[PDB]
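First comes the structure, then the notes that go with it.
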Amino acid sequence: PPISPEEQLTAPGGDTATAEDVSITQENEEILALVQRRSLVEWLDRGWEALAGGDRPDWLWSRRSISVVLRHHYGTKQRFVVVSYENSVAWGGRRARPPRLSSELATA
Amino acid sequence: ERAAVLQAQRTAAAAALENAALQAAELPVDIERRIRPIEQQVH
Amino acid sequence: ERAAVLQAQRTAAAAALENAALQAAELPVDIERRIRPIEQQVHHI
Amino acid sequence: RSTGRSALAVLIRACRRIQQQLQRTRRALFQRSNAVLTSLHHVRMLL
Amino acid sequence: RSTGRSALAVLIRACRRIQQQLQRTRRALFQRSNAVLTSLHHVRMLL
């Protein structure tokens, strides 16, 4: 199964609160249950360093999570892809400085 | 001078539709994971 | 010339939105119509 | 007999029926939701 | 007595808490699905 980048573009999914998605499961899996009654990443990071010969920080984020959000350009109607890495300090990155961007002006 | 603004907004509006096209496409999958796990419970 | 040409395109499709809008304005009451009767059995059984 | 067994029927009837309740609600929503996706493209079809 | 009454506490918690989940999915999805409508009528708000 080869890697297809356009999956992540058309993928129907995103991040969520997921708090009630844990509690949904415990009132799920008890139902049911009462009827009855060195990480891998470091090896990957050492996988390249074996076949690379260098850390190559550009690759290190590629081994991490990568957020790909498809957008459209009002001028050309065409597409431009907004990306926020996992360790990226910029918007969308899991490491970011508060305050962050809010829709308060826009949504109203 | 009008037709430009008149033209420009037509392209802009259809763009956000495809911004909304993926948005609406979420709801059918939003339905399953909020229902399908409830089924085996009652089963 | 194109001004009216674009106005027609505006006006015509602008209704198609309200169609699709009121097509999807039928959705928000769906389970509110659907599972509120299913929500009856909650405190019962 | 009828003390425990009947107190099951109150529970037996419900644990069967919510299925057909939920099964419809899905196909209810998909059929109602998929009109949105269909209606949207038809707007693109116009535009 | 302790055979059934503790195995009856199974369903007593099971079938009532199952149907509690539906409340949230009602108060989640249809609170979320109305955002799509806000956009669509805002799409015309562009024009």
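Chains as they are written, first to last, in full-length UniProt numbering: chain A, 227 to 263, 352 to 422; chain B, 50 to 92; chain C, 50 to 94; chain D, 3075 to 3121; chain E, 3075 to 3121. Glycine included, each C-beta is placed from N, C-alpha and C at the ideal position.
Exercise for review: Say whether chain B places a C-beta atom closer than 8 angstroms to the C-beta of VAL3110 of chain D.
Suggested key: Chain B, which has a Cβ nearer than 8 angstroms to the Cβ of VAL3110 of chain D, makes this yes.
**Study point:** CB contact below 8 angstroms: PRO77 of chain B versus chain D
**Key:** Yes, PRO77 of chain B counts as interfacial toward chain D.
Exercise for review: For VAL3117 of chain E, go through chain A and note every residue whose CB falls closer than 8 angstroms to its CB, in chain order.
Suggested key: Residues of chain A whose Cβ lies closer than 8 angstroms to the Cβ of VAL3117 of chain E do not exist; the shortest such Cβ separation is about 12 angstroms.
Check your understanding: Within 8 angstroms (strictly less), CB to CB, does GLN3093 of chain D reach chain B?
Key -> It does: the Cβ of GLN3093 of chain D has a partner Cβ on chain B nearer than 8 angstroms.
Practice item. Give me the Cα-Cα distance between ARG3098 of chain E and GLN3095 of chain D, rounded to the nearest whole angstrom. Key: CA-CA distance, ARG3098 of chain E to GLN3095 of chain D, rounds to 17 angstroms.
Check your understanding: How about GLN89 of chain B and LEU3121 of chain E: are their beta carbons less than 8 angstroms apart?
Key -> No; because the gap between Cβ atoms is not below 8 angstroms, this pair is not in contact.
Review point. Using 8 angstroms as the threshold, is the segment 229 to 243 of chain A in touch with the segment 3097 to 3114 of chain D, meaning 3 or more CB pairs across them?
Key: In short, these stretches do not touch, since the Cβ pair count stays below three.
Exercise for review: Kindly say whether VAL383 of chain A, judged by its beta-carbon, lies nearer than 8 angstroms to any beta-carbon of chain E.
Suggested key: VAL383 of chain A does not count as touching chain E.
Check your understanding: In terms of residue numbering, what span does the alpha helix (DSSP H) encompassing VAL248 of chain A cover?
Key -> Segment 245 to 262, the alpha helix (DSSP H) holding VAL248 of chain A.
Practice item. State the DSSP-derived secondary structure class of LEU384 of chain A, mapped to helix, strand or coil. Key: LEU384 of chain A sits in a strand when the DSSP states are folded into three classes.
Check your understanding: Short check: CB of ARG3100 of chain E to CB of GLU253 of chain A, under 8 angstroms?
Key -> No, Cβ-Cβ distance for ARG3100 of chain E and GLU253 of chain A is not below 8 angstroms.
Point to revise | Contact check, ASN401 of chain A vs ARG393 of chain A, beta carbons under 8 angstroms | key: Contact flag unset, no.
Review point. Name the DSSP beta bridge partners of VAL395 of chain A, please?
Key: According to DSSP, which records beta bridges pairwise, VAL395 of chain A is partnered with A:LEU384.
Exercise for review: For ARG3079 of chain E, collect the residues of the same chain with a Cβ closer than 6 angstroms to its Cβ; drop the 5 residues on either side in sequence, then sort them by chain order.
Suggested key: Nothing meets the Cβ criterion.
**Study point:** Three-pair Cβ contact test at 8 angstroms for the segment 376 to 392 of chain A versus the segment 52 to 72 of chain B
**Key:** Yes, the segment 376 to 392 of chain A is in contact with the segment 52 to 72 of chain B.
Point to revise | Distance, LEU76 of chain B Cα to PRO238 of chain A Cα | key: Rounded to the nearest angstrom, the two C-alpha atoms are 9 angstroms apart.
Review point. When you check each C-beta in the segment 55 to 66 of chain C against every C-beta of chain F, which residues fall closer than 8 angstroms?
Key: No chain F is present in this structure, whose protein chains are A, B, C, D and E.
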